[PDB]
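Asks: Please find model.cif (mmCIF, C-alpha atoms) on the next line:
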data_entry
#
loop_
_atom_site.label_atom_id
_atom_site.label_comp_id
_atom_site.auth_asym_id
_atom_site.auth_seq_id
_atom_site.Cartn_x
_atom_site.Cartn_y
_atom_site.Cartn_z
CA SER P 1 125.90 196.99 66.50
CA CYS P 2 124.81 194.55 69.22
CA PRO P 3 127.29 192.87 71.60
CA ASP P 4 126.58 189.19 72.30
CA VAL P 5 126.86 190.01 76.00
CA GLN P 6 126.57 193.14 78.11
CA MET P 7 128.48 193.04 81.36
CA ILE P 8 126.91 195.52 83.78
CA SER P 9 129.03 196.58 86.75
CA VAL P 10 127.55 198.57 89.64
CA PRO P 11 130.27 200.33 91.67
CA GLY P 12 130.26 200.79 95.42
CA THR P 13 129.85 203.96 97.43
CA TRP P 14 132.36 206.67 96.38
CA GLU P 15 133.14 204.73 93.16
CA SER P 16 130.77 206.38 90.67
CA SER P 17 129.12 209.65 89.67
CA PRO P 18 126.23 210.50 87.35
CA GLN P 19 128.80 212.22 85.11
CA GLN P 20 131.07 209.18 84.65
CA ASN P 21 130.86 207.62 81.17
CA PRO P 22 129.67 204.00 81.63
CA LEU P 23 131.63 202.91 78.55
CA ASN P 24 134.84 204.55 79.77
CA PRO P 25 134.79 204.90 83.59
CA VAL P 26 137.88 206.96 84.35
CA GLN P 27 136.60 209.19 87.17
CA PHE P 28 137.30 206.69 89.96
CA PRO P 29 140.55 204.88 89.03
CA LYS P 30 140.71 202.99 92.35
CA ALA P 31 137.20 201.50 92.04
CA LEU P 32 137.16 197.78 92.86
CA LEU P 33 135.20 196.40 89.91
CA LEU P 34 137.52 198.01 87.37
CA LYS P 35 139.77 195.06 88.20
CA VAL P 36 137.08 192.91 86.59
CA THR P 37 135.63 195.03 83.78
CA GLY P 38 139.03 196.33 82.66
CA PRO P 39 140.56 192.92 81.91
CA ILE P 40 137.30 191.63 80.39
CA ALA P 41 137.34 194.42 77.77
CA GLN P 42 140.89 193.31 76.92
CA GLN P 43 140.16 189.58 76.74
CA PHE P 44 137.21 189.85 74.36
CA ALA P 45 136.28 191.67 71.17
CA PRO P 46 133.64 194.44 71.51
CA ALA P 47 131.31 192.34 69.33
CA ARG P 48 131.43 189.62 71.99
CA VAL P 49 131.05 191.73 75.13
CA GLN P 50 130.45 195.35 76.08
CA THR P 51 131.30 196.43 79.64
CA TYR P 52 129.02 199.02 81.21
CA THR P 53 129.80 200.66 84.54
CA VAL P 54 126.73 202.24 86.09
CA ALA P 55 126.86 206.02 86.53
CA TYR P 56 125.23 207.12 89.77
CA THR P 57 125.82 209.41 92.75
CA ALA P 58 127.14 206.53 94.89
CA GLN P 59 127.09 208.29 98.25
CA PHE P 60 125.97 207.57 101.80
CA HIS P 61 125.17 210.52 104.05
CA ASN P 62 126.08 210.06 107.69
CA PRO P 63 123.32 211.80 109.68
CA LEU P 64 125.72 212.27 112.62
CA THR P 65 127.98 214.39 110.43
CA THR P 66 127.72 217.49 108.30
CA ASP P 67 128.98 215.83 105.12
CA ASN P 68 127.38 217.14 101.93
CA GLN P 69 126.37 213.66 100.76
CA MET P 70 123.17 212.31 99.25
CA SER P 71 121.20 209.95 101.48
CA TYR P 72 121.71 206.21 101.03
CA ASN P 73 118.05 205.97 100.06
CA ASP P 74 118.35 208.50 97.25
CA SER P 75 121.75 207.26 96.03
CA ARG P 76 120.57 203.67 95.97
CA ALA P 77 117.38 204.62 94.13
CA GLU P 78 119.36 206.56 91.54
CA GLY P 79 121.71 203.63 90.95
CA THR P 80 118.87 201.14 90.69
CA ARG P 81 117.09 203.28 88.13
CA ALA P 82 120.34 203.75 86.19
CA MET P 83 120.99 200.01 86.13
CA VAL P 84 117.45 199.24 85.04
CA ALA P 85 117.73 201.94 82.37
CA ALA P 86 120.91 200.39 80.97
CA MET P 87 119.28 196.95 80.72
CA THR P 88 116.09 198.37 79.27
CA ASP P 89 118.06 200.27 76.63
CA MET P 90 120.25 197.32 75.69
CA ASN P 91 117.30 194.91 75.57
CA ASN P 92 115.25 197.34 73.48
CA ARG P 93 118.01 197.75 70.94
CA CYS P 94 119.47 194.25 71.17
CA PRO P 95 116.78 191.76 72.20
CA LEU P 96 119.09 188.71 71.85
CA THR P 97 121.92 190.08 74.00
CA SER P 98 122.64 188.27 77.29
CA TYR P 99 123.86 189.80 80.57
CA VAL P 100 126.52 189.36 83.23
CA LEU P 101 125.74 191.43 86.32
CA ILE P 102 128.21 192.37 89.06
CA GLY P 103 128.12 194.82 91.93
CA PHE P 104 130.06 195.87 95.00
CA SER P 105 128.72 197.13 98.34
CA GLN P 106 126.01 199.73 97.61
CA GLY P 107 126.31 198.47 94.03
CA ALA P 108 125.81 194.89 95.25
CA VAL P 109 122.60 195.87 96.98
CA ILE P 110 121.46 197.53 93.75
CA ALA P 111 122.50 194.66 91.48
CA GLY P 112 120.96 192.10 93.84
CA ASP P 113 117.71 194.06 93.91
CA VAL P 114 117.51 194.07 90.12
CA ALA P 115 118.51 190.39 89.97
CA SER P 116 115.67 189.64 92.40
CA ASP P 117 113.24 191.51 90.14
CA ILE P 118 114.43 189.66 87.05
CA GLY P 119 114.38 186.27 88.76
CA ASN P 120 110.81 186.85 89.93
CA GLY P 121 109.56 187.81 86.48
CA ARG P 122 109.26 191.51 87.32
CA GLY P 123 111.64 192.66 84.56
CA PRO P 124 113.37 194.58 83.09
CA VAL P 125 114.46 191.55 81.09
CA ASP P 126 113.48 187.89 81.03
CA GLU P 127 115.51 185.66 83.34
CA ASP P 128 116.82 183.49 80.49
CA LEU P 129 118.95 186.40 79.25
CA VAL P 130 120.93 186.64 82.49
CA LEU P 131 124.04 184.43 82.39
CA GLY P 132 125.04 185.06 86.00
CA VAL P 133 125.21 187.52 88.86
CA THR P 134 128.02 188.08 91.36
CA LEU P 135 127.55 190.31 94.40
CA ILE P 136 130.53 191.39 96.52
CA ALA P 137 129.72 192.72 100.03
CA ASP P 138 125.94 192.68 99.59
CA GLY P 139 124.21 194.60 102.39
CA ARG P 140 121.16 192.36 101.96
CA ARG P 141 123.14 189.11 101.95
CA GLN P 142 121.10 186.27 103.37
CA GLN P 143 122.17 182.77 104.35
CA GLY P 144 120.37 180.35 102.09
CA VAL P 145 119.67 182.92 99.36
CA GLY P 146 121.94 182.61 96.32
CA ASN P 147 125.25 180.73 96.24
CA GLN P 148 127.57 181.75 99.08
CA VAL P 149 131.01 181.44 97.49
CA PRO P 150 133.16 179.67 100.07
CA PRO P 151 134.43 180.78 102.46
CA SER P 152 131.04 182.10 103.61
CA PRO P 153 131.13 184.04 106.91
CA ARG P 154 128.51 183.61 109.63
CA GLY P 155 125.84 186.27 109.86
CA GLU P 156 123.75 188.21 107.40
CA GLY P 157 123.88 191.61 105.75
CA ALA P 158 123.53 194.77 107.82
CA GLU P 159 120.20 195.56 106.10
CA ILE P 160 118.91 192.25 107.46
CA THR P 161 120.28 192.58 110.99
CA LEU P 162 119.06 196.18 111.30
CA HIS P 163 115.74 195.76 109.45
CA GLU P 164 113.61 196.39 112.56
CA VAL P 165 115.68 199.22 114.05
CA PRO P 166 113.78 202.49 114.52
CA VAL P 167 114.78 205.90 113.21
CA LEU P 168 117.20 204.79 110.45
CA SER P 169 114.73 204.72 107.55
CA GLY P 170 113.39 208.17 108.44
CA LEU P 171 116.94 209.49 108.53
CA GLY P 172 117.43 208.39 104.91
CA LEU P 173 119.06 204.97 105.25
CA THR P 174 116.36 202.32 105.12
CA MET P 175 117.50 198.86 106.15
CA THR P 176 115.35 196.98 103.68
CA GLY P 177 115.60 193.42 105.05
CA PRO P 178 115.27 190.19 103.05
CA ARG P 179 114.55 190.49 99.33
CA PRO P 180 110.99 189.39 98.59
CA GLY P 181 111.20 186.31 96.41
CA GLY P 182 114.95 185.98 96.94
CA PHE P 183 116.63 185.77 93.54
CA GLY P 184 113.81 183.62 92.14
CA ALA P 185 114.81 181.85 88.91
CA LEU P 186 118.28 183.40 89.19
CA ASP P 187 118.98 181.72 92.56
CA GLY P 188 121.24 179.09 90.99
CA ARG P 189 123.24 181.66 89.01
CA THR P 190 123.65 184.36 91.67
CA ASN P 191 126.81 184.38 93.77
CA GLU P 192 127.51 186.12 97.09
CA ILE P 193 131.07 186.95 98.15
CA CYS P 194 131.63 188.26 101.67
CA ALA P 195 134.73 188.41 103.85
CA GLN P 196 134.72 187.55 107.55
CA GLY P 197 134.62 190.81 109.50
CA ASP P 198 132.95 192.82 106.74
CA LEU P 199 130.03 194.19 108.74
CA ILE P 200 128.29 195.32 105.57
CA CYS P 201 127.51 191.78 104.44
CA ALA P 202 128.20 189.73 107.60
CA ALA P 203 126.81 191.59 110.60
CA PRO P 204 126.09 189.55 113.74
CA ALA P 205 123.57 191.21 116.09
CA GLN P 206 126.36 191.39 118.67
CA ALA P 207 128.16 193.93 116.49
CA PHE P 208 125.52 196.43 117.62
CA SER P 209 125.71 195.77 121.37
CA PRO P 210 126.73 198.76 123.54
CA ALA P 211 130.25 197.32 123.86
CA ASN P 212 130.69 196.99 120.10
CA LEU P 213 128.55 199.74 118.57
CA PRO P 214 131.07 202.60 118.38
CA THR P 215 133.71 200.29 116.82
CA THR P 216 131.09 198.95 114.42
CA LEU P 217 130.07 202.46 113.35
CA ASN P 218 133.71 203.36 112.70
CA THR P 219 134.14 200.23 110.61
CA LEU P 220 130.95 200.87 108.63
CA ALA P 221 131.89 204.44 107.92
CA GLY P 222 135.09 203.14 106.49
CA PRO P 223 139.58 197.63 106.70
CA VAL P 224 138.36 194.30 105.50
CA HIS P 225 135.75 195.94 103.26
CA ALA P 226 138.48 197.73 101.30
CA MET P 227 140.59 194.66 100.61
CA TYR P 228 138.58 192.52 98.16
CA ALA P 229 141.32 192.88 95.53
CA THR P 230 143.63 191.08 97.98
CA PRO P 231 143.57 187.51 99.38
CA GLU P 232 143.99 188.81 102.95
CA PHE P 233 140.46 188.41 104.31
CA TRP P 234 138.77 186.40 101.57
CA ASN P 235 140.23 184.06 99.02
CA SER P 236 139.35 180.88 97.20
CA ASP P 237 142.51 178.78 96.95
CA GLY P 238 144.48 182.01 97.10
CA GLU P 239 142.35 183.84 94.55
CA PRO P 240 140.98 187.24 95.69
CA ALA P 241 137.34 188.14 95.09
CA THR P 242 138.18 190.30 92.06
CA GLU P 243 140.11 187.44 90.44
CA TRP P 244 137.40 184.90 91.24
CA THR P 245 134.85 187.19 89.63
CA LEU P 246 137.03 187.89 86.60
CA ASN P 247 137.53 184.18 85.96
CA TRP P 248 133.87 183.45 86.57
CA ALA P 249 132.79 186.16 84.11
CA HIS P 250 135.34 185.07 81.49
CA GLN P 251 133.90 181.56 81.47
CA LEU P 252 130.29 182.85 81.24
CA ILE P 253 131.17 185.04 78.26
CA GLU P 254 133.13 182.24 76.58
CA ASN P 255 130.09 179.93 76.71
CA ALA P 256 127.58 182.66 75.95
CA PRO P 257 125.17 182.21 73.01
CA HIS P 258 126.09 183.44 69.55
CA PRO P 259 122.77 185.14 68.63
#
Any chance you could put this one into structure tokens?
Replies:
Amino acid sequence: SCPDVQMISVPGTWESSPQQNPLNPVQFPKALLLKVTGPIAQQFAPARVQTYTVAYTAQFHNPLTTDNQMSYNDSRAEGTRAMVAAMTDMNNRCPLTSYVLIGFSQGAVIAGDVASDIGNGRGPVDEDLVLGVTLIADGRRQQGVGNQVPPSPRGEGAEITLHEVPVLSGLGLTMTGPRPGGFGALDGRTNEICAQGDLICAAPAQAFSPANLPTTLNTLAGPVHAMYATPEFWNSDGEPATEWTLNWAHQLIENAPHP
């Protein structure tokens, strides 16, 4: 039957595959957002919430290397389509079900993109069905767009800082810049978490100066970005990003409608 709430989780790069079962994501045991969706499935009955972890290639080809990876552009498109498909399917079958959306890194870009569509009335579901959105290490993070969960580092996402750089898009990694329409009606319910020094979501222009560029490329390739389950580089009163998000989601599901 229909869960009152579907919690959709979009993993980061190297944390999903198209073959991973969204209802039982065991292929990538170290994936960050499992620390949120795992406990949620334990704290609530299946009738109250279903967790869904998006199955997608989740890769990021480095053009400077000979890795066998899918381009960022193609991986990101696949994940976006998969996320939209999950929401479309759930809303088709269960029109009264509400949503909690979370994403990390490449998954945060994807989830934020879909949140922007929903908030601007572009679908796949009406905005009133979305309870909340939390984005960890969003590559399109923008000061003034969404709620920056304190502490909020200076700077904006790499896809903003690098939006006008030549060559990258043609190479298969388009830096897509600010989201048109921001999060629209979801602005008040969309949260951005970003740790100081995470160049994915907080990327000062100076990070790409000649002096800093090789270090920056090493950092981006893969660290602060890997530590969001710890309080080391980001915490709220000691609470790591995964714990903040778990508590946030728990409260949304608790107060969710009973259709």
Asks: At what distance in Å, to one decimal, does atom CA of residue 259 of chain P lie from atom CA of residue 96 of chain P?
Replies: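 Computed distance, atom CA of residue 96 of chain P to atom CA of residue 259 of chain P, equals 6.1 Å.
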Asks: Could you tell me, as an MDAnalysis selection string, exactly which residues end up selected when the PyMOL selection byres ((chain P and resi 103-114) around 6) is applied to this structure?
Replies: chainID P and resid 9:13 80 102 115:117 135:139
Asks: Excluding residue 244 of chain P and its own-chain neighbours fewer than 2 positions away, which residues fall within 10 Å of it when counting all atoms listed in the file? Please give them as a PyMOL selection string.
Replies: chain P and resi 36+134+149+193+229+235-242+246-250
Asks: Looking at P:231, P:157, P:184, P:146, which one is nearest to residue 126 of chain P, with distances taken over only C-alpha atoms?
Replies: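 Checking each candidate against residue 126 of chain P, we get P:184 as the closest.
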Asks: I'd like the contact shell of residue 78 of chain P - 9 Å cut-off, all atoms listed in the file, skipping same-chain residues fewer than 2 positions apart - returned as a PyMOL selection string.
Replies: chain P and resi 18+56-58+73-76+80-83
Asks: For the structure provided, state which residues fall under the PyMOL selection byres ((chain P and resi 186) around 8), and present them as an NGL selection string.
Replies: :P and (115-116 or 118-119 or 127 or 130 or 132 or 183-185 or 187-190)
Asks: With the PyMOL selection byres ((chain P and resi 39) around 12) as the selection, what would be picked from this file? Answer as a list in words, please.
Replies: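 Matching residues under the PyMOL selection byres ((chain P and resi 39) around 12) are residues 33, 34, 35, 36, 37, 38, 40, 41, 42, 43, 44, 45, 49, 50, 51, 242, 243, 245, 246, 247, 249 and 250 of chain P.
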Asks: So, with all atoms listed in the file as the atoms that count, which of P:3, P:79, P:144, P:177 lies closest to residue 165 of chain P?
Replies: P:177
Asks: Rank nothing, just name the residue among P:150, P:166, P:121, P:214 nearest to residue 196 of chain P, using only C-alpha atoms.
Replies: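 Of all the options, P:150 lies closest to residue 196 of chain P.
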Asks: Nearest residue to residue 201 of chain P out of P:21, P:251, P:142, P:215, using all atoms listed in the file?
Replies: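 Answer, going by the shortest atom-to-atom distance: P:142.
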Asks: Can you work out the spacing between atom CA of residue 178 of chain P and atom CA of residue 163 of chain P in Å, to one decimal?
Replies: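 It comes out at 8.5 Å.
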Asks: Within 8 Å of residue 197 of chain P, counting only C-alpha atoms, which residues show up once you throw out same-chain ones fewer than 4 positions away? Write them as an NGL selection string, please.
Replies: :P and (202-203 or 224)
Asks: How far is it from atom CA of residue 194 of chain P to atom CA of residue 209 of chain P, in Å with one decimal?
Replies: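 That distance, rounded to one decimal, is 21.9 Å.
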Asks: Find the spatial neighbours of residue 207 of chain P, counting only C-alpha atoms, within a cut-off of 12 Å - ignore same-chain residues fewer than 2 positions away - and output them as an mmCIF file with C-alpha atoms, in the coordinates of the input.
Replies:
data_model
loop_
_atom_site.group_PDB
_atom_site.id
_atom_site.type_symbol
_atom_site.label_atom_id
_atom_site.label_comp_id
_atom_site.auth_asym_id
_atom_site.auth_seq_id
_atom_site.Cartn_x
_atom_site.Cartn_y
_atom_site.Cartn_z
ATOM 1 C CA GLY P 155 125.840 186.270 109.860
ATOM 2 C CA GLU P 156 123.750 188.210 107.400
ATOM 3 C CA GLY P 157 123.880 191.610 105.750
ATOM 4 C CA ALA P 158 123.530 194.770 107.820
ATOM 5 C CA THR P 161 120.280 192.580 110.990
ATOM 6 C CA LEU P 162 119.060 196.180 111.300
ATOM 7 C CA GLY P 197 134.620 190.810 109.500
ATOM 8 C CA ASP P 198 132.950 192.820 106.740
ATOM 9 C CA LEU P 199 130.030 194.190 108.740
ATOM 10 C CA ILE P 200 128.290 195.320 105.570
ATOM 11 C CA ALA P 202 128.200 189.730 107.600
ATOM 12 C CA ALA P 203 126.810 191.590 110.600
ATOM 13 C CA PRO P 204 126.090 189.550 113.740
ATOM 14 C CA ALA P 205 123.570 191.210 116.090
ATOM 15 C CA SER P 209 125.710 195.770 121.370
ATOM 16 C CA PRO P 210 126.730 198.760 123.540
ATOM 17 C CA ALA P 211 130.250 197.320 123.860
ATOM 18 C CA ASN P 212 130.690 196.990 120.100
ATOM 19 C CA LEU P 213 128.550 199.740 118.570
ATOM 20 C CA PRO P 214 131.070 202.600 118.380
ATOM 21 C CA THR P 215 133.710 200.290 116.820
ATOM 22 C CA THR P 216 131.090 198.950 114.420
ATOM 23 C CA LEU P 217 130.070 202.460 113.350
ATOM 24 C CA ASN P 218 133.710 203.360 112.700
ATOM 25 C CA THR P 219 134.140 200.230 110.610
ATOM 26 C CA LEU P 220 130.950 200.870 108.630
#
Asks: With distances taken over all atoms listed in the file, which of P:167, P:175, P:55, P:2 is nearest to residue 27 of chain P?
Replies: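 Closest to residue 27 of chain P of all the choices is P:55.
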Asks: Using all atoms of segment 135-141 of chain P listed in the file and a margin of 5 Å per side, can you give the axis-aligned box centre and edge lengths in Å to one decimal, as AutoDock Vina command-line options?
Replies:
--center_x 125.8 --center_y 191.9 --center_z 98.4 --size_x 19.4 --size_y 15.5 --size_z 18.0
